[PDB]
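> Fold the following.
(chains A, B, C, D, E, F, G, H and I)
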Amino acid sequence: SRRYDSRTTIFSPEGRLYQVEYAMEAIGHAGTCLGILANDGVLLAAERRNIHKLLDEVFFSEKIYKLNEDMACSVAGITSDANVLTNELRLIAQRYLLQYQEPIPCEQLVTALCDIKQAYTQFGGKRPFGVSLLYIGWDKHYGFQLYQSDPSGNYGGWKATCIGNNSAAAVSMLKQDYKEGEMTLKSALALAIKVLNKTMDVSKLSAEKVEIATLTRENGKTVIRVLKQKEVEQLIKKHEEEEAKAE
Amino acid sequence: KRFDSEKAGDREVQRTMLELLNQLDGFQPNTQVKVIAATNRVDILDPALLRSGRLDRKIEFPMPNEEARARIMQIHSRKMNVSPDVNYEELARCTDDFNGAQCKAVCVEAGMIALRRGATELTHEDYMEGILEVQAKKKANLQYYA
Amino acid sequence: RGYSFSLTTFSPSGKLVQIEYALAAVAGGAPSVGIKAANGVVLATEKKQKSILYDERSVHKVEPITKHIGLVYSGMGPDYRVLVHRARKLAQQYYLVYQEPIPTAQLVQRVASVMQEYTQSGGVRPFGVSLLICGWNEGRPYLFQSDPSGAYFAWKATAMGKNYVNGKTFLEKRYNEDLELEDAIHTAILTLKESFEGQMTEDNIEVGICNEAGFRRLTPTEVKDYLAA
Amino acid sequence: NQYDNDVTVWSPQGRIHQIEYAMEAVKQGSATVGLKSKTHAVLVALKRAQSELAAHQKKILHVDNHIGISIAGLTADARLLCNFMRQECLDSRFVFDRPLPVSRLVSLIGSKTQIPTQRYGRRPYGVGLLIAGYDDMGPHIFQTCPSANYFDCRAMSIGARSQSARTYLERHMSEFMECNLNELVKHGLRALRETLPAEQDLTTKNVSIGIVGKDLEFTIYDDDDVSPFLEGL
Amino acid sequence: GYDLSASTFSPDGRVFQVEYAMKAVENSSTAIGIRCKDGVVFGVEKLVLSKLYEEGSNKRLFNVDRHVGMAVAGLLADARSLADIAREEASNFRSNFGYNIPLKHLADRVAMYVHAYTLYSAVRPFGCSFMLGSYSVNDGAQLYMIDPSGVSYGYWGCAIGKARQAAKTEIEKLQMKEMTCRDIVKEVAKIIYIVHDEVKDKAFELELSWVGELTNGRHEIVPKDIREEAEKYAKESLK
Amino acid sequence: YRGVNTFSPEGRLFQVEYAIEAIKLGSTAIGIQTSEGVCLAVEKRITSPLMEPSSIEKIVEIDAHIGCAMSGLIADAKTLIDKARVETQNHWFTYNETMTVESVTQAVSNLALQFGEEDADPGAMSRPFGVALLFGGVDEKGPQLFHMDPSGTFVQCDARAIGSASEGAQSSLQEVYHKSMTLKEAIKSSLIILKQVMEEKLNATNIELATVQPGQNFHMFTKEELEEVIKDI
Amino acid sequence: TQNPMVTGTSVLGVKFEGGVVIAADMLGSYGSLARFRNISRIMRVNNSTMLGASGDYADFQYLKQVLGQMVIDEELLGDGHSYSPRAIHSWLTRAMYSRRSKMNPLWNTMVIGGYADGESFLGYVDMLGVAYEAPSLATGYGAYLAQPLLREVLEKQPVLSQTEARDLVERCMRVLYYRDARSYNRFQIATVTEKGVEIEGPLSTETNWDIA
Amino acid sequence: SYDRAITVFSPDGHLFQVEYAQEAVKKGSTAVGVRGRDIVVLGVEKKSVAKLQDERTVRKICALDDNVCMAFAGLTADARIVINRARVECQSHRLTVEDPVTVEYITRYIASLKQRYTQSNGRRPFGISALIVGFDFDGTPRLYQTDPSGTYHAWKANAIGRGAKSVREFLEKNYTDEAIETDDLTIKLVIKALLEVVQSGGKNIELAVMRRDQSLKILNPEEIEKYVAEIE
Amino acid sequence: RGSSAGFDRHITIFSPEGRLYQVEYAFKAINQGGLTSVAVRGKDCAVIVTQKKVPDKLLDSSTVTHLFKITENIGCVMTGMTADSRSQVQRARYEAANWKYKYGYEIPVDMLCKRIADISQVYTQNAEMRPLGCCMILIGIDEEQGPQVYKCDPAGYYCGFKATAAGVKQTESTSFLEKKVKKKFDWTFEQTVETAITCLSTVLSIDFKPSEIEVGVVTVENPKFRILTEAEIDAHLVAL
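Numbering: from 1, shown residues only, chains lettered A, B, ... in the order given. Below, you will see the structure:
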């Protein structure tokens, strides 16, 4: 019926897609996700938004998903919608592997998913996926990489970026203190801790609200790890000391 | 109709309506003052006002049929000098979806058309022109219909 | 033919009001509780009928899904039946392919995907129901929650329904890592007792447990049994 | 002003406004007349041109050797209906090797035209028809409306200013049964003339005639072919 | 705006779209049908909108099956569509089961088809009421009526249209349970003339049909001679 | 609200009325029919000097004996033209003949107005075409000029003007056109009117002219021919 | 039907002055077995048309159901139009041809007789869509045995009376019983005239000389 | 299957969904293209490098085939979809016709695709305008532009996107046979036109050059700076 | 409390409080018919009793009925919109026949109520169609559970019962039956019919005569669903 239709795929008088604009505004509140590209690896740092004494620890992470032997991603937005897209990402990457018997390059995987999102914003009469993603991976064409995507279906490669809550401050800091082409995985980790420390105004880094995953190449095979509690706390303590020594 | 709304002003007319209801039927029955009421809308009237002890006989006044239209035109053309050619049946057939006021307008407009033309007595053509004038139909600048 | 447009749409501030209202319906629902003990899980709910005429044993709220998984809800009863049927269907489809009982986490993920589809599909409203799923796989107990939006969480103990804020605050004070299933059952009953507004009887509540033996709904004899203490 | 935007919406008075508007389309159309005698069924239509240099729009179409129609309304819908009627006539001849009876053809039209008037997103057929045919039961004249209703008539007129024509047909209805073909056609032309707006006369450029009879397949007369009929009126 | 679709209940639980459809049925000319011992008889007040229409045009009595009749009121186009549906249901029954469809079953199938049009916004309710009549030796005379809402009931004498109430009052005095079709035909004609309003409507033509033992269980139009006698009796009664 | 298949109180489809209104935004196009042949002229209406006038194709050939002039939403006419070309070649393939101008116009007009929203097709047209077409060609009946509107109505016309200056271009065509006019006179008259209505100064680069004659095929005038005619004009 | 199961043998037909007559025995053979011996293979299509059939009886029953239903539908309208024998013959040809084209034939050979507008009709229809009209018809083994007798008489005398046609049919039915191994002694005669269609009871070929 | 009529006519004969799509093109970054004697140049203004974005993945100039390339202005996601559809069509044309596509052919294909989305059911018009340049097999340079409405034209030089009116005004006065006399002169014309709108210059503009036989070439930052220096 | 946002009052979409107004109206439509029904479960029998209003003599009272036979051993009574109830009855008959064909044994009453409830639940979730404004009560004898009484409503709620009502006076009947049910057994004999007729007669204040109510029963000895004749109903009425 025309009366009840919402018209989720039309243009505004000033040529704007309101449903996409609102969806992006929804991602603006979700947990902060951070990605930094280093010389010998990539990392993802995400604010573990859920924090409660009664929640149990299941799975290897809450917001970091493994897509391949050499790729991973983090999500910010509607959790249920993210699960739909992460499953599609896994299917796309395996379909490419079946066709070519070679792992899908990271850029191609991002484009395939972003094509799905773009279709939702053009035709169908459905609401767009209110999710924004960060991808990290390695391939033989461009080595370590970091990508971002939005509900509109638009993506771009970055050396360091953030999406979610206080993204503006996070990117403003990263822009100032990012040494392009001369960052190791260790300075990258330290930079992630400093950025997260100021971005999460509520409280400070407790080593429980932060999940960090790093991607590196060892002995010719990609390795994806989620840092454990002991090492995350160690990083925070070092950041506290350096902040003290500065003052 | 009475409704539970926070807007004032309507409550005063509701109080006047309650007084009218009591006067129509209530304590101290009245048997010497009758009442006639006319309304364009009955879907909005309060049930207590449309009751069977206050407004018993609800008479419906439908839009006139062909015969009714013919009679109305004759009634309002009684006093005018009309030629013995006017086919009031044809006028009734051609004035579908009209009311008595619109038929009166048809007759008076026929008279005015005759006056414009400078004619002593009306004619069927004048009546048709009056019907066209009263219909208030506008043209779309083109007539591509077959 | 059926409307092809989504009824759930983003609001100016970025909220999905229809999902927000589905949670409000869940919130006004009947209280529910789930506690993950050291060697098992327990699910409990209030089953206060409107009058003596209703048959307490006619319809169950704690319905099994497989030999090792059971679930309870807080919200609309009719929507719960739909999800229970889909959950059983998904569990059997998994077993047919893999010749192994579906792990609790996997079943929750598949059930959640079903609820998510109703927040994006055309001409449907969200399931105004929240589910609690308990399981025992690989020698370990599991407790999950799945909301109208399609998101699921892993809990050590939680509550839903009316006054769930006080129910969770209660559970936080009383919870302990090394509890025992008997103490978990006792705590679960007390949690419900916090906001019950009447005398609790074996016919006015429902309980189920899951352990190495498997999920099974406790009989009214046992429910009265525990109530006495 | 909320009950006149769909065909599946009843109004409080139990009326569907969309159907009423479709009936109003045929009224804006041009006039056309149809009458029958004991042996023949005749269609006479008044064609009008958008511009002085444009040919007058045709109003009479062939359907089969024994059926013809005169249209008044949306031409595009008229062609869609005419195409449907031709296929139905063809199918009857292919299957039964027999002309399709006129009444059964009209019943098929009503069934087809009724479906749009009950489904969401569909519209009535904005065209009225005057079907003239000859079958085993004799001459036939039918009238169709955008509302899926049809009437078996003995003389009918539709289109703009057609009430003056209907007035003539009723007055002289008693003579049509026993008149010759030449007399019958003249009756149709005289009615059409009444519809004409005073200072205007029937001409070979704006009059088209269609005749079907016992031993006369449906034929259409236009241009100079109409002069024999006009000579005498 | 609670009355713009058939897929919305009003606050008090009413489908206004269905109610409006019945209102359209209430503007038509009356049509009555009386059941008797021998069979069933139908009568319709067909108004002559124009003198240019052929006698029998827009007939409101139909033969859905060789043993079942049908009278209608309201929008004629919808009525003809339902008659085609009833014929399809009757024909399909014979092919599948091999014998004439019972009238009760036929009424149920058509009623459900009508009812399916008052549940969705994608279609609108049929704006017409109709009545089915038949006679078989095994089942006897049977008469049914169906409204826009899709409700079907058995009747001893039914009316539908403008003067439904007046016709029902007249039908109450007939004592039809112990009368024959020959006598009922005259009574049906008499009632129609009484309810008709000559002042409002110009003129009308009486259409009659019956089914019973005298017709051998086949619905058919009443013979011209009998119709002439019934019309004369009704006119004479209107002294 | 206000579905595409909606009827106005006067019985005029809203979408068709709006589509007809869209025609007035197009550039003027003129077509004259003469016993010697048919000529089509159209103003190109160059927007900026950097645009290449050769890329504005407002006159296209359907077949060797059929030419079309377009006005309105030029992008819409692409599908209509493709259908006309395909239909013409299908007819030759089947009947080994050349379709008449009327039959080509009829096929295109049938395509127009076949738009719907519910229960039409997976990707059926959602709106009517906002283009008015002038079909010119030579058939067994000789030179033929046909005008087709967005409403699916087509009619033969001796001389017809469409576009933003249709009112006033038609007025001039009324005074000048006559039956015995030659093809040379028709081309001169068409250019004179076009120069009058056009806002920009008429030159050989901002107009398009084509002709179809019984002997020659569809011919589009080159610059050298255009310069010759305008010099006298 | 890819393979017929229960079949009827030859059907005869001949037209006389003012009507047509059709004959056929009441026997359904299940492949050299007189299984069903009281089945009528002649149908009254309508008031002026009758139909006999050979081949599979189940397919004949199907056509009985379909054709009977159409006649009922036409009579429901009551518009004064009824299917003529030619119309029914044309419909059957199309139905048989269409089934053959789809490769699912109706395994039958049908004879259609009728009388309308003071003119007799006699038509033939095979399972492959072959159809035509002749003064006399004989399907199955009737084409070899009964057709020569009918043709010889008709060539000598183009127009026959009702009595002559009936006697001619009985003689042909006798010959078929003598020489046809799938024939039966009990048979029906159907006649169509201005008075309608009448089917005669189970007549027997009483005249059967057996001088051996 | 959602089948509502997104694009419909309006009083005065307007397609608001097409017009809105145009105002969406206007918000995009500026893009310029000029057709030289033996070279076709495409330029585009970069809103902001950001010093963190990987420039490789934000190219607004793409190659449809070996002899055709295009630059867009509007919604980035919509352009990526249109570009992919053109790329498959170019390969398909090679497969059947056995010859490389012509700039006019591919422009016609893209325009028809855009027009179809303005008249289809349950679909939104493409919010991009494209400048397609290339060399036909005959060797003649070509430059075409396509709008969301589905119309296309051949241009000596045109600009799309934000501030396109001023750039087009500058090009109209500054385009002459002398200006396009040499390949270097043609490049400077594009750079100067872009500098009419963009502020920084050099570091805020991307340039692509296509020659007759050579494939698409992207000027390096050093080359762009040198041309800017020569301009001033 | 009664806040509205959008079309929550026009289609089956959540109100701000988490309500389905369209479902609530379907309940309100059940009272349009003006009738009431009562079903009571006995020790070894089940009984359903409902009003029967013939507005005039012209109606054929034989056809006017609200009791239907779903299968040989299952019967039901419907209240609310007439057309809606018949359609649901047809679906129940089809579902019961399908169950017998597929699984090889008669469909339990609870399962039949569950199937109908699932069908109704689809209507309240999908916005294309409105919910049926009718209520069904089913009675039958289970093989190993004795008599059964079940009721399903427009929303899809289908709880079992010992005594139940439906219609205009559902509240008063429910109270009356609850009081009786509380005392000893809500009747524990085949004269459970008397309890039902008294319950209906009490709330409406009718003092029924034999031609104003219809009764349907199933007993363990005779599980087949039967409709008591007007004579038998009169016998019960006189006895009470």
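> from here on, contacts and neighbour counts on C-alpha atoms
Noted.
> where does the residue of chain E found nearest chain G land in three-state SS?
Residue of chain E nearest chain G, by C-alpha to the nearest C-alpha: residue E:63 (5.6 Å). Using DSSP: H, G, I helix; E, B strand; the rest coil, the structure places residue E:63 in strand.
> Check the secondary structure at the nearest residue to it once chain neighbours are set aside for me.
Spatial nearest neighbour of residue E:63, excluding adjacent residues (C-alpha to C-alpha, 6 or more residues apart in numbering or on different chains): residue E:69 at 4.7 Å. Secondary structure, three-state DSSP: residue E:69 is strand.
> how much space between residue E:69 and residue I:58?
Residue E:69 sits 20 Å away from residue I:58, going by C-alpha to C-alpha, to the nearest Å.
> Which one of these two is surrounded by more residues?
Between residue E:69 and residue I:58, counted using other C-alpha atoms under 10 Å in any protein chain shown, residue E:69 has the larger neighbour count: 29 against 18.
> in chain A, what residue is nearest chain G?
For chain A, C-alpha to the nearest C-alpha, closest residue to chain G: residue A:1, 38.7 Å.
> Could you double-check that the residue of chain E closest to chain G sits in contact with residue E:70?
Yes. Contact criterion C-alpha atoms under 8 Å: residue E:63 and residue E:70 qualify, at 6.1 Å.
> Skipping adjacent residues, who's closest to the residue of chain H found nearest chain G in space?
Using C-alpha to the nearest C-alpha, the closest approach of chain H to chain G is made by residue H:1 at 34.4 Å. Computed as C-alpha to C-alpha, 6+ apart, the closest residue to residue H:1 that is not its neighbour in sequence is residue C:4, at 5.9 Å.
> From residue I:127, how far off is that neighbour?
Per C-alpha to C-alpha, residue C:4 is found 11 Å from residue I:127.
> how about the spatially most central residue of chain G, secondary structure?
Chain G has residue G:52 as the residue nearest its centroid, 2.8 Å off, counting by C-alpha atoms, centre = their mean. Recorded secondary structure, residue G:52: strand (three-state DSSP).
> Next up, the contacts around it.
Counting by C-alpha atoms under 8 Å, 6 or more residues apart in numbering or on different chains, residue G:52 touches G:11, G:22-24, G:41-43, G:110-112.
> Name the residues of chain I found near chain C, please.
Residues of chain I lying near chain C by C-alpha under 8 Å from any C-alpha of the partner chain: I:12-19, I:117-118, I:121, I:125-128, I:155-157, I:159-164, I:174, I:177-178, I:181-182.
> so which helix or strand takes in the residue sitting nearest the centre point of chain H?
The centre of chain H sits closest to residue H:131, judged by C-alpha atoms, centre = their mean, with a distance of 2.5 Å. Using DSSP states H and E, residue H:131 sits in strand H:128-135.
> Next secondary structure after the longest helix out of those in chain C?
Counting by DSSP state H, the longest helix found in chain C is helix C:77-98. Later in the chain than helix C:77-98, the nearest helix or strand by DSSP H and E is helix C:104-117.
> and that following helix, does that touch chain H?
No. With C-alpha under 8 Å from any C-alpha as the criterion, chain H is not reached by helix C:104-117; the gap is at least 16.0 Å.
> As PDB, could you dump the C-alpha coordinates of that helix?
Output of helix C:104-117 as PDB, limited to C-alpha atoms (Å, rounded to 0.1, in the frame of the first residue of the first chain):
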ATOM      1  CA  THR C 104      24.200 -24.100  22.000                       C
ATOM      2  CA  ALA C 105      26.200 -21.200  20.500                       C
ATOM      3  CA  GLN C 106      25.400 -22.300  17.000                       C
ATOM      4  CA  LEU C 107      21.700 -22.700  17.700                       C
ATOM      5  CA  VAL C 108      21.500 -19.200  19.200                       C
ATOM      6  CA  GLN C 109      23.300 -17.700  16.200                       C
ATOM      7  CA  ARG C 110      20.800 -19.300  13.800                       C
ATOM      8  CA  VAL C 111      17.800 -18.400  15.900                       C
ATOM      9  CA  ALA C 112      19.100 -14.800  16.100                       C
ATOM     10  CA  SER C 113      19.500 -14.600  12.400                       C
ATOM     11  CA  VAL C 114      15.800 -15.500  12.100                       C
ATOM     12  CA  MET C 115      14.700 -12.700  14.400                       C
ATOM     13  CA  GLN C 116      17.000 -10.300  12.500                       C
ATOM     14  CA  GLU C 117      15.300 -11.100   9.300                       C
END
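> now it against helix C:77-98, angle please.
130 degrees (axes from the mean of the first three to the mean of the last three C-alpha atoms, to 10 degrees).
> Mind listing residues that contact helix C:104-117?
Contact with helix C:104-117 is made by A:80-81, A:83-84, C:69, C:83, C:86-87, C:90-91, C:126-127, C:133-137, C:142, C:144, C:146-152, as judged by C-alpha under 8 Å, 6+ apart.
> run the last query once more with 7 Å
A:80, C:69, C:87, C:91, C:127, C:135, C:137, C:142, C:146, C:148-152 (C-alpha atoms under 7 Å, 6 or more residues apart in numbering or on different chains).
> Show me what secondary structure element comes after the longest helix seen in chain D.
Assignment by DSSP H gives helix D:75-96 as the longest helix of chain D. Going down the chain from helix D:75-96, the next helix or strand is helix D:102-114, by DSSP H and E.
> Check the offset of that next one from the chain's centre.
On the basis of C-alpha atoms, centre = their mean, to the nearest Å, helix D:102-114 sits 14 Å off its chain's mean C-alpha point.
> Please name the nearest non-neighbouring residue to the residue nearest to the spatial centre of chain E.
For chain E, residue E:71 is the residue whose C-alpha lies nearest the centre (C-alpha atoms, centre = their mean; 2.9 Å). In this structure, residue E:71 finds its nearest non-sequential neighbour in residue E:61, 4.7 Å apart by C-alpha to C-alpha, 6+ apart.
> ok so, going back, neighbours of the residue of chain H closest to chain G, how many?
Applying other C-alpha under 10 Å, I find that residue H:1 has 16 neighbouring residues.
> Please tell me how far it sits from chain D.
Here residue H:1 is placed at a distance of 15 Å from chain D (C-alpha to the nearest C-alpha, to the nearest Å).
> On the three-state scheme, that residue is what?
Residue H:1 ends up coil, using three-state DSSP.
> wait, isn't it in contact with residue C:3?
No. Using C-alpha atoms under 7 Å, residue H:1 makes no contact with residue C:3, being 8.7 Å away.
> all helices for chain A, in order.
Assigned by DSSP H, chain A shows helices spanning A:18-27, A:79-100, A:106-122, A:167-177, A:185-199, A:229-246.
> Would you indicate which residues of the last one are buried?
Right, helix A:229-246. The neighbour-count check on helix A:229-246 (16 or more other C-alpha atoms under 10 Å in any protein chain shown) flags A:232-233, A:235-236, A:239 as buried.
> Which strands or helices does that helix pack on?
Applying 3 or more C-alpha pairs under 7 Å, 6 or more residues apart in numbering or on different chains; DSSP states H and E, we find helix A:229-246 packed against no helix or strand.
> what distance separates it from the middle of the whole chain?
The answer for helix A:229-246 is 24 Å, by C-alpha atoms, centre = their mean.
> do the same with the fourth one
Relative to the centre of its chain, helix A:167-177 is centred 16 Å away, using C-alpha atoms, centre = their mean.
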